Each structure stands twice: as structure tokens, then as C-alpha cells.
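Per PDB author numbering, the sequence shown runs over residues 75 to 111, 113 to 240. Quick reminder that beta carbons are idealized off the backbone N, C-alpha and C, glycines included.
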Amino acid sequence: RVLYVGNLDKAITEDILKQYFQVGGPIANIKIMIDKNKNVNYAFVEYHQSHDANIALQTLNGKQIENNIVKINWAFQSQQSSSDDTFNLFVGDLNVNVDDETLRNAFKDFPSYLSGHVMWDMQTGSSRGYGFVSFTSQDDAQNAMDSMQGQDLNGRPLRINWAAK
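Spelled out as C-alpha cells, the structure:
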């Protein structure tokens with residue numbers, strides 16, 4: 075239901091966004107992200124129905140609203156728990172049969188291991204084919220990355236890299 079709108083002319087307000095993006099149907103929420111310095116803003120426009128958002132994308136994508144031409148995406152959104160002072164690794168190319176527990180059992184014996192989460196489809200409960208592992212130490216996360224890079228888990232090679240450094 076959420077569209078990302080990019081390359082927004084900085085003079086464009088929420089009210090101006092509403093008069094264009096209403097073209098798809100009733101809007102539940104508009105949120106413009108004002109740059110506090113950049114030449115353009117971006118926004119999130121949320122509809123009640125997926126069908127409505129698609130109309131707005133279809134109709135308005137690549138069009139001049141004022142000075143800049145508008146770039147619309149379906150917004151990638153996630154819900155993730157977090158822990159302070161941790162060093163997190165992305166772990167991709169996960170076999171669809173790999174769950175948090177399988178991932179845990181693959182990294183737990185490495186020094187400073189904290190947690191592992193597979194990224195789940197919010198509606199279906201299917202694996203997105205990637206996840207994250209957390210460590211309390213940067214050198215130890217580095218150690219786990221070097222040791223598990225390309226290594227096979229449930230038939231598939233692990234793709235690892237820093238998520239936030």
C-alpha cells in the first residue's frame with residue numbers, strides 16, 4: 075500500500091502531493107521527508124488498497140510535478156528488532172528452508188555471536204532468501220564473515236557482508 079516518491083522539488087508540499095496522488099484513490103497518509111540542508116525531498120504515500128497505489132504509480136511515474144520529474148517505487152519496508160553496540164552481517168542466498176534456528180546453528184559457535192534472523196515475508200511467512208547475524212565484537216564478526224563466506228548451507232553458498240559498516 076506504500077509508494078516511495080523520489081526526486082521531489084523542495085517547494086512541493088503535502089497538499090500538492092495530495093492533489094496529484096489522489097488520482098489513484100483515497101490516501102490514508104502522506105509523509106514528506108524534508109532535507110535539512113540535498114536538492115530534492117522524498118515522500119511516502121499510503122493508500123487503503125494496493126490497487127489504488129498501482130494506479131498512482133502507473134499514472135504519475137516519470138512526470139513533472141513543478142520543476143523535477145517524479146520517481147515512484149513500491150516502498151520496501153521492514154520490521155526488525157535491534158540491539159545497541161552490535162556489529163551486524165547480512166547473510167544472503169539462504170535456502171528457502173533455512174529459518175532463524177538453522178541460521179543460528181550455523182553461526183552460534185563463533186566467538187561473540189548474539190543473534191540471527193531470517194527476513195520473512197510479512198503476509199505468507201515464506202523466507203526472503205536472506206537474513207542477518209549479530210555480533211558483540213567487530214573483529215569477531217569479521218572472523219565469522221571470512222570463515223563462512225561462500226560456504227554452503229543447505230545446498231546454497233552464503234553471501235556475507237557488513238550491514239552497517
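Give me the DSSP bridge partner(s) of residue i.
| i | result |
| --- | --- |
| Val145 | Paired residues: none, contrary to the question. |
| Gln139 | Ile144 |
| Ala118 | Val79 and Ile106 |
| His192 | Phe207 |
| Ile235 | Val166 |
| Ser202 | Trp195 |
For residue i and residue j, what's the separation of their Cα atoms in angstroms?
| i | j | result |
| --- | --- | --- |
| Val76 | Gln133 | 14 Å |
| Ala150 | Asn180 | 32 Å |
| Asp184 | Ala216 | 12 Å |
| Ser190 | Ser156 | 10 Å |
| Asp174 | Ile235 | 17 Å |
| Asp160 | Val97 | 45 Å |
| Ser125 | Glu88 | 21 Å |
| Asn142 | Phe95 | 17 Å |
| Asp221 | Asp196 | 28 Å |
| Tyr78 | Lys84 | 16 Å |
| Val171 | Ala219 | 22 Å |
| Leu169 | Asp214 | 24 Å |
| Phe182 | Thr211 | 13 Å |
| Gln93 | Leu228 | 50 Å |
| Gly225 | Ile140 | 46 Å |
| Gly167 | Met223 | 12 Å |
| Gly230 | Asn103 | 43 Å |
| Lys240 | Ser209 | 13 Å |
Could you check how far apart the C-beta atoms of residue i and residue j are, in whole angstroms? I think they sit under 8 Å.
| i | j | result |
| --- | --- | --- |
| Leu82 | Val120 | Actually they are not in contact, since the Cβ atoms of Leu82 and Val120 sit about 11 Å apart, beyond 8 Å. |
| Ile108 | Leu91 | That belief does not hold up - the Cβ atoms of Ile108 and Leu91 are roughly 12 Å apart, past 8 Å. |
| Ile144 | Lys138 | 6 Å |
Please state whether DSSP places residue i in a helix, a strand or coil.
| i | result |
| --- | --- |
| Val76 | strand |
| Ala102 | strand |
| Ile130 | helix |
| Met220 | helix |
| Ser158 | coil |
| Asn180 | helix |
| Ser125 | helix |
| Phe165 | strand |
| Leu91 | helix |
| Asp214 | helix |
| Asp227 | strand |
Say yes only if the C-beta of residue i is nearer than 7 Å to one or more non-hydrogen atoms of the ligand ZN, and no if none qualify.
| i | result |
| --- | --- |
| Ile104 | This structure does not include the ligand ZN; it has no bound ligands of any sort. |
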